[PDB]
Structures are given as C-alpha cells and as structure tokens.
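[1] please find the sequence and an experimentally derived structure below.
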Amino acid sequence: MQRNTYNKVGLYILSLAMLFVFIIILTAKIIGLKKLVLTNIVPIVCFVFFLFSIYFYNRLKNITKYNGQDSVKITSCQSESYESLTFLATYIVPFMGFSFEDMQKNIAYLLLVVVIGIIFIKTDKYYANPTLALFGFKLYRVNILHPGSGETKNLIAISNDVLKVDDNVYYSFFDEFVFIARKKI
Amino acid sequence: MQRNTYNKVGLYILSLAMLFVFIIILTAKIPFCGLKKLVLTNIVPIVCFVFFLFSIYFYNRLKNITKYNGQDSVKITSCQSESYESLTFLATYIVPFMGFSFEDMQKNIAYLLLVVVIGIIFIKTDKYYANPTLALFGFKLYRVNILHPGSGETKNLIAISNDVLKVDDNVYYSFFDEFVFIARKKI
Amino acid sequence: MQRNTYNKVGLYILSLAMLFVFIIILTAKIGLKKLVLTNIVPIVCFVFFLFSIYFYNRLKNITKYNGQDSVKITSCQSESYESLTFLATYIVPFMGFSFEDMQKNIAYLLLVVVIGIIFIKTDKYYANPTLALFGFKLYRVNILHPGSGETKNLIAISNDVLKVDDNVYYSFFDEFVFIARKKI
Amino acid sequence: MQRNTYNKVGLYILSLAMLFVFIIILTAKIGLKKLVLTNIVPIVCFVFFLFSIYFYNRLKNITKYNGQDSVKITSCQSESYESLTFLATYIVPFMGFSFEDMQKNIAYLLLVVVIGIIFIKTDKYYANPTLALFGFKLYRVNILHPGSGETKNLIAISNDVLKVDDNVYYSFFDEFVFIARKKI
C-alpha cells in the first residue's frame, strides 16, 4: 500500500518539473545575503522541488536498470497516443503570476498544488499530462500475456521507447493498471 | 421538483467546498495585534464561512441519505465502468483567477454573480456531476443499467457511490432525481 | 450570403451578451459629462447589449414565422454535446486578465471580432451553453421535406424538446442548420 | 528527416501569426532609438510576423514545386475536428498574461517554446483553428499512390474544397501528413 503510493506521486512531481522552472524566471529580486534570502524566499523554497523531480527522474530510469529478475513476455501492441492536452489547461496555466507579492497569498497557491495532488492521483489520469511527453514518454495500450498468470485486458502503459507488435521484451510492473516497459538486448 | 433542484445545488456546494476552504484561507485579514473594522474586513471570509458550514450540513445530509434504510429496496444488477470525469469543469469552476481577487468590493460581487450564473447554467444543462472534487471525498462515477422491482430495465443511467461496487451485485440505492441516483452496498 | 452570415453571427452575439452584462457591472466606475467620458466602455457594451436585445427579439419574430415557411420534420435523435472549451475561451479570458486601459480595450474588441470570425469559419457557432441558458437544446435530426426528400442527420437547434416522428414547425438558417418549433 | 522538421514547425509558427498582430497593439508604445528601445516586444514579434508571411509564400512554393510529382489520390473522407483545447492555451492566455515588466517578457517567451517542444512531439500540429483561419479545411484521407500501396487514414491539409473519390493533386510536409489541392 505504501510502496505503491510513494512511486505513484513521483510521475506527478516529475510532471510538474516543467512548471517549476518558471518561478525562478518569474521571481527575480536581483551584499546583504540575509536580505536576498528574505526577499527571494520563494525561488529558494521551490528549487528543492526541482531537485526532487530530478531525483525521481533518476529513480524512474533506475527501475529500468533492474534487469536481473524481470519477466519478458508481451503479446500484441496498439499505439493509442491520446496524451490529453486539457491537463496543461488545468494545472500550469492558473499560476499566472504565481508570487503576487504576499506570502499569505502564496500559502494558498502552494495549498492549491497539493490539494490537486490527491485529486489528480485518485482520479487515475496522471499518465496523460502532456508534460510527460517532454521526456519522450510514449503512451499506448497493450494486452500482454503473463508467463505465469493469464491474459491482460489492454492495459495503459507509459515508456520512453517505441514498441513493435508482439515484442517479448523486458518491463517492470507499476500496478495492475499501468506499468513501465523496456527493450530486449 | 424543489427537492431535486435543492439537492442538485447542494451537491454543487459540496463540489465548491474546497474552493470555500481555499477562500477562507485566501482572503482572511491579518490582525497582528476596534474589532468591528476587522469584522468589516471579514465580510467575504464570513459569508464564505457560512457557505462552508452549508457544505458541512449538506455533507451530513448526504450521509443521512446513505443512512435511510427503512424505505430502501435493493434490486441492482450489472456494472459498467464509464468514468468520464472531465477536468475542464474543475478548470472553470474552482479557478476563476483562483476564486476572488482582493481589490474592490463591487468587483467581488461581480465575481459572486459570475459564480451563481455559472451555478445556474450548469444545473440547467443536467451535467452537474462533473468535477473531480467529488472523487476527493472518495466517490467514483460509472454508468450501470438497472432493473426496477416494479418497473422494467433502465436505459444506461448514471450512478454515484462511495463504496466499491462490482458486476451483478444486489445492493442498496437512493433516489436523487428522476434520472441519476446514489447507491451503496448491501450488508 | 449577407443575411445568412448576419443571422449566423447573431447567435454568437447572444452568446457573448452574458459577458457584456457581466462587464457592465465589472467596469462601472461611479456636470455629469466627466462621468460619461470616464465610463465610455459601459456605454458601448450597453449598446452591444441593446443589439443583443434586438437580435433576441429578431429570432423571436423569426419563431413566430410559420405560415409562409415550410413546416416538415420527421424523426428525432439526441446527441447534445455543447462542450465547454467555447466558454473557456470566451468568459474565462475576460475575468482572467486586467481591464483598465482603453488602448488595450481596443485590442480586446479586436480579440472579439477575430474569435468571432474563427468561430464562424470553422462552424463552431452552435456552442457555448449560454445559448442553452435561453432554453435552447442541441440535437441532430434527419428531417423529411417531401418536396425535396430525406435529409441526413443535420444538426438542429430549438428552444423546446421534440420527440420522434412529429410534423412540427421550423425556420431555416442556411445550407446546414435550422431553428425548430412545435406544431399546433 | 532534416527538411521535414523545419516545414513541420512552420504550421505552428503560422498558427501564432495573428498573435503577433495584437502584441504590437497591446504593447503599443507609439535620437529616435529611445522610442525603439521601449517597445522591444512589438518589434521582435513583427519579425516573426514577417516570418509568418515568409512561410506563407514558402508553403505556396511547396504546392507549386514542379509537375513530375503530385500524381494521384484515390479516396477521400472528412473529419473536420479543429479541437479547441489548443485554443485558450496557445493564442488566448498570453493576453490573459500581462506584459508590463522586462523579466517576465523573456519568461513568457520560454513558455512559447516549451509549448512547441511538447506540441511537435505529441503530433497535434494539424488541429489549430488559427491555421484554419487562413482558408484551410482539414480532413483525413486514405490515399493510394500508383507506385506504392494503400496507406491507412493519414491526414490531409487543403485550402480549396475537394469532393470524394477523385484523382487530384498533392504536396508533402513529410511522409505522413500532406498538402492537398485540385487537379486542372
């Protein structure tokens, strides 16, 4: 339960990484180093989320590095390629002027991004935010066959590589709704 | 007739409950320390606080709707996972420049007329069940064909429930309006 | 062509009429010629609202026309999409940005006219559920005109619910759509 | 490969052609180089306004390339979507954004590019209605080349109107999506 949820939010934090770079180039109050961290209190507290996202980006590729225990079977392929652009129109646009010169206001903006965190995970739509396509992630439904268990029903999968039809390659499961794939050497 | 519109707009207030919590946390005024001037600055926070208590009351009302069992027939078959959940309705309701902006009072009631016009024009188009804030409270949305104990089979109507429900399970229900309805699980 | 485009763009005018009656309250800043001179955009959007009143009564007078018009409909089916990207690009801008300078207000009126010509050319006028606030419902219906023949499921607009296979009244917009009434 | 992408980005950069027309109006500041130094955001987008004209004559050269190409299309069908999620995100919200300060004005120009890097890779550059403002009506076509086989529901771009099942002319963006026009 816990380990299915900590990796779950990691794509969403990776999905907000393209948002996070704007705040540095939107908040530029630029020697009294105590005053600079006082005046520019907002970029120095959001830069760690850039460090969080890169850490999850290295984490996401490290799941694919585990190759000593993975199973290898895929039946068929289908590239649906939705990547719904409406999510960009929900989460990145409404922070026009993210730092409107009052920290009490800026609590609510940071309150907004975490409340939609529970919203946009529990609705199970995190894999269609088009910021994930910036990192070359291709989306597709494939009904695989497991080597041990039976046939799956056209499950949504996200991966960085283009798959041909019925290619028995490596992968790694995320849950029984989505997973992460690989290629066979 | 009046109760259908009443619990329709009550579900709309439950959808806007997070907007309400955001706007108490947004436009509350700092004392940092004669109270009547602070109350005069507290007018938008207190009216949306009354709105938030209305949301609490209608959430308790929905729990009461789950609680009446004496007049409840069961008679449920099948299940189909529709799961539409269009987030554009979130992007229009809960972020009107994030609710309100703190400059002018007549502009504030202009946004008040904006949100009540939005309320009437999305209750008149029979698609109130749209926001992904109902799923924040734990609800899930999917469309199931139902037979009646007295009447026959429905025609692919929308259902709403909190607890998890599956195919051909004979479970409880409520009656929101003549079209959509709330379900539970049979104990 | 001129009358067809005129009563085509009038639906979009009535769509934006709700935005105009918001912006009356939005930009109202209250020997009165100074008050006239400062609040010129309430006056011109009030004029636009009067144009909306004129077109609402114009299509109402169109709906009274049933004698000289042909009145033949068969069948019915309902689609009823009326999505909200239209209102997301219509109302949400005018509450999104700031509205002070008249020089930039000229550019916002140029927004209005170019988004009108976009929504005219691409055939997305029959949209923005502000129309459905005025009793309107959307569904495509294959109608029969026995002088001409059977049509193929063209999208239709009416202010009343119409069921299947009823020889109700209509009035004709242009080569694809029409407004509809109910027979007596 | 190399020549495909530079023509692929031209559809997006001409879809923002009218966006440049209001930036010179929204930030209209009206020896004399100090006047130029104030209004850098009109005069920079006036250059891509000239680039929008430049690609508009360039795409006509693509249609008017030569005569040995552009052989035949067998079938035709229509989709005509012009989905409006791309509007209110691409043309509109920059006016929803405000231009008053220098450091944001560079920062919103990075918001232009990071849209387009996504928008190219999502393969959605046949959907802006601003491209349809220039007279283009957009519709998928199954084609059969004489020397090649039958392709499966590829996307066609055409200014002038075409009917169904006619052997007509074309031109290429790349192998997948293509320009269509009419046979003399």
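    Arrived safely, thanks for sending. Residues are numbered from 1 along each chain as shown, chains lettered A, B, ... in the order given.
[2] spell out which residues of chain A are next to chain C.
    Residues of chain A lying near chain C by Cβ under 8 Å from any Cβ of the partner chain: A:89, A:96. The C-beta positions use only the backbone N, C-alpha and C, and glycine is treated the same way.
[3] switch the cut-off to 10 Å
    By Cβ under 10 Å from any Cβ of the partner chain, the residues of chain A that approach chain C are A:86, A:89, A:93-94, A:96.
[4] most surrounded residue in those?
    residue A:89 (23 neighbours; other Cβ atoms under 10 Å in any protein chain shown).
[5] let me see the backbone angles for it.
    phi -80, psi 0 (degrees, to the nearest 10).
[6] so it sits against residue D:115, correct?
    No - here residue A:89 does not reach residue D:115: they are 11.4 Å apart, not a contact under Cβ atoms under 10 Å.
[7] need the overlap of contacts for these two.
    A:130, D:86, D:89 (Cβ atoms under 10 Å, 6 or more residues apart in numbering or on different chains).
[8] quick one: contacts for the second one?
    Applying Cβ under 10 Å, 6+ apart, we find residue D:86 in contact with A:85, A:88-89, C:85, D:12, D:15, D:115, D:119, D:124-125, D:127-131.
[9] ok, the last one next?
    Applying Cβ under 10 Å, 6+ apart to residue D:89 gives the contacts A:85-86, A:88-89, A:92-93, C:85, C:88-89, D:96, D:115, D:119.
[10] over to the residue of chain A most remote from its centre. Which of the three states is it?
    Distance to the chain centre peaks in chain A at residue A:31, reaching 38.5 Å (criterion: Cα atoms, centre = their mean). For residue A:31, the assignment made with DSSP: H, G, I helix; E, B strand; the rest coil gives coil.
[11] what about the residue of chain A found nearest chain D, which helix or strand?
    At 4.2 Å from chain D, residue A:25 is the closest residue in chain A, using Cβ to the nearest Cβ. In the assignment (DSSP states H and E), residue A:25 maps to helix A:17-26.
[12] going along the chain, name the helices of chain A.
    A:3-6, A:8-15, A:17-26, A:33-39, A:41-63, A:88-91, A:103-122 (DSSP state H).
[13] and the fifth one, how far out from the chain middle?
    Read that as helix A:41-63. Helix A:41-63 sits 11 Å away from the centroid of its parent chain (Cα atoms, centre = their mean, to the nearest Å).
[14] just want the angle from it to helix A:103-122.
    Between the axes of helix A:41-63 and helix A:103-122, defined by axes from the mean of the first three to the mean of the last three Cα atoms, to 10 degrees, the angle is 20 degrees.
[15] with the second one instead?
    Calculated by the same axes, to 10 degrees, helix A:8-15 forms an angle of 120 degrees with helix A:103-122.
[16] specify the angle between helix A:8-15 and helix A:17-26 in degrees.
    Using the same axes, to 10 degrees: helix A:8-15 against helix A:17-26 is 40 degrees.
[17] also the fifth one?
    In this structure, helix A:41-63 runs at an angle of 150 degrees to helix A:17-26, with the same axes, to 10 degrees as the basis.
[18] kindly report the same for the last one.
    On the basis of the same axes, to 10 degrees, helix A:103-122 is oriented at 170 degrees to helix A:17-26.
[19] run the chain-centre distance for helix A:103-122.
    17 Å.
[20] cool, and the fourth one?
    Here helix A:33-39 is found 32 Å from its chain centre; the criterion is Cα atoms, centre = their mean.
[21] now do the second one
    Between the mean C-alpha point of helix A:8-15 and the mean C-alpha point of its chain there is a distance of 3 Å (Cα atoms, centre = their mean).
[22] next one: the third one
    Centroid separation for helix A:17-26 versus its chain: 16 Å, with Cα atoms, centre = their mean.
[23] again, but for the first one
    Relative to the centre of its chain, helix A:3-6 is centred 14 Å away, using Cα atoms, centre = their mean.
[24] now it - C-alpha only, CSV.
    C-alpha atoms of helix A:3-6 as CSV (Å, rounded to 0.1, in the frame of the first residue of the first chain):
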residue,chain,number,x,y,z
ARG,A,3,5.2,1.4,-1.7
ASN,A,4,2.5,1.6,-4.4
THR,A,5,1.9,5.2,-3.4
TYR,A,6,5.4,6.7,-3.0
